[PDB]
Structure formats: structure tokens, C-alpha cells
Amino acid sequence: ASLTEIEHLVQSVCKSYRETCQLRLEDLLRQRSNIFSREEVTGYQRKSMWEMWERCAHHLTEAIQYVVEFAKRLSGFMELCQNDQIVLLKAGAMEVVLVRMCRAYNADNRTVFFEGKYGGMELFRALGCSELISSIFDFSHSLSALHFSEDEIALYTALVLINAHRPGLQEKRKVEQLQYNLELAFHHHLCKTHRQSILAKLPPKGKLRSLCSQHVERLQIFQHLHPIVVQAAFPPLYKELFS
């Protein structure tokens, strides 16, 4: 890859992201003043564990579908063999949502946009996994601190997805080359915008891996308790990724 190639990979990644970002920044920023009441929060806290897990699984699945659409649009992605496409999405889709969450997260009052309003952690108390929720809020709080632009998110999430280290890849060298070009793309843009100061501030890694393992660990506990909720009422795509 020449420099002209990576300069134009930048605009192209950002385009792909803009088209698949799901929720417009403009709407999320505007709806920040729209916060669930104590009564609504209580109503959520009164739901059964399983109704809450189901609700959450549906919303996450919906988010993952945009991520699959993002991936299908990413320069280079559809060029990978089917096996590696599936390995990369099985491992990185939740990760990408976890990064995309920072847009939908308001660090001023620690609220996330959920079913049409902003709410705090406590909104999800029925789930039976407050350690994980807590850590997911923290992660978004840290990312929010960086004042990530839309272009940064696009570039960053394209790298979260294209990870040549994921186990199970048949064509590790092709994804290595792709990862390299996206890394260059990401760092070139940061350089051009005077924003390399953040590279040292980015979240460590595993870190995203930890969150995603906790998610699966927690699912696994819930499935042991409510195995028929999962079989009967969790979306197929979600069971494929995390079950």
C-alpha cells in the first residue's frame, strides 16, 4: 500500500461507518435531556430477570446487525474467505458495539440511551450481573473522556474488527495485511488532525476481551437458570455468537 492508498482508505472507512452507524450522533446529543423518571427506572427494576435478558439480547442483536453491515462495507473485508469473515465477526461484533456505545453514553450523568431515553446502570439491575454492567459503563466513561470524533470511531472500530490475532483464522497473513492498512489509516488520520496524544490513552486490550468473556460467562449462568427462555425467545444470531 502506498500513501495515496491509505489517505483514501481513511475517507472510505468513514463513509462505511457513516452509512451503518445505526443511531445518528445528532439525535443522541439532542435526546440527552430525555432521562427516565424514578418511576420508569423502578418499572425496569421490577421486570423478571429473563424478560430483561431477552429485551437486552434483542437490542444487542439489532446493534450487531449494523456491525455486520459495516463489515460487509469495509474495504478489504468481503475479500477475506468466508471462514475468516465469520471468525472476525463472531469475536469482534460485541467489541464494536461496546465501542459504539460511547456515542450513546453521556458522561455528564453516567447515562446510556436505552429504549428511547437515557438511563443509569441501575436500569439493568434485574439482569443479575452488576459487576459486568458497572465495567461496561466505566469503559464508556473512559472512551468518552477522549472526545472521540465520528471519524475516530469509524477508524478505531474498523481495527477492533480486523484483528489478525483472533484464534481460528485460516488466512492470518491476509488479515495481517488488512489490519496494517487500517492501522496506518487510523494513525494517519490522528496525525493529520493532531490527535496522536490519544494512542497512549486508548483502552489497553484485552480489556474489550474481558468484557466480552464476562458477557458470555454471564449468559452461560443465565442459560443454566432459564434454558428455555434462551432456546425459545433469544434471537438466533445472538445464540450463534454467544451460546
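Sequential numbering from 1, following the sequence displayed. Between two forms, the rigid core is the largest collection of C-alphas that superpose within 1.5 Å.
Problem set entry | Outlying stretch relative to shown form, 64 to 72 versus 201 to 209 in 7 other deposited structures of this protein, C-alpha RMS (core) | Result of the core-fitted comparison in 7 other deposited structures of this protein: 201 to 209 deviates more.
Exercise. Which has higher Cα B-factors on average according to the PDB entry: 97 to 105 or 140 to 148?
Worked result: Looking at the record's C-alpha B-factors, the answer is 140 to 148.
For this session: Could you settle it for me: does 169 to 177 or 88 to 96 have the higher average Cα B factor in the PDB entry?
Result: Comparing averages over the C-alpha atoms only gives 169 to 177.
For this session: Tell me, lowest, middle or highest third: where does the Cα B factor of residue 229 rank within its chain?
Result: Its C-alpha B-factor belongs to the middle third of this chain's values.
Exercise. Once the chain's modelled residues are ordered by C-alpha B factor and cut into thirds, is residue 75 in the lowest, middle or highest one?
Worked result: As the PDB entry reports it, the C-alpha B-factor of residue 75 lands in the middle third of its chain.
Exercise. Which third of the chain does residue 157 land in by C-alpha B-factor: lowest, middle or highest?
Worked result: Lowest third, going by the recorded CA B-factors of the chain.
Problem set entry | Record-listed C-alpha B factor of residue 131: chain third | Its C-alpha B-factor belongs to the highest third of this chain's values.
Exercise. Comparing residue 64 with the other modelled residues of its chain, is its CA B-factor in the lowest, middle or highest third?
Worked result: Answer is lowest: the recorded C-alpha B-factor places it there.
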